[PDB]
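Every read-out reported here was derived from the displayed coordinates using simple, explicitly stated rules and does not represent laboratory data. Positions of Cβ are backbone-derived with ideal geometry, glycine not excepted, and every protein chain shown enters the neighbour counts.
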Amino acid sequence: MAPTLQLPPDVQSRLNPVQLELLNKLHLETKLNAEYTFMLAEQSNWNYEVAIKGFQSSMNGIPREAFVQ
């Protein structure tokens, strides 16, 4: 389920269109569920390269539940 379909509008309200695009792109690439994709994006301070590098270097910290959806 694509993040922009799963996140309620009132949560998406705090985000600009390129942040929403980043969420969708990160979801398509990492296969994290929408919740954890959102968290990674937040943790990365909404920076794609930082998010991917963070993901690639913290894989062993991510529970299996993060990929379920």
When all Cα-Cα pair distances of the chain are considered, the percent exceeding 13 Å is 60 percent
Kindly provide the helix-only [θ] at 222 nm of the chain, computed as the sum of -39,500 (n - 2.57) over DSSP H runs of four or more divided by all residues, to the nearest 500 deg cm²/dmol? -16500 deg cm²/dmol
Given charges at beta-carbon only (K, R positive; D, E negative), |dipole| of the chain in Debye: 120 debye
Positive-end extreme of charge dipole, the chain - chosen from 2, 39, 52 (charges on Cβ): 52
For the chain: relative contact order, % (alpha-carbon pairs under 8 angstrom, 6 or more apart): 33 percent
Paramagnetic reach from residue 43 in the stretch 1-34 [backbone N under 13 Å; point 7 Å along Cα→Cβ]: 32-33
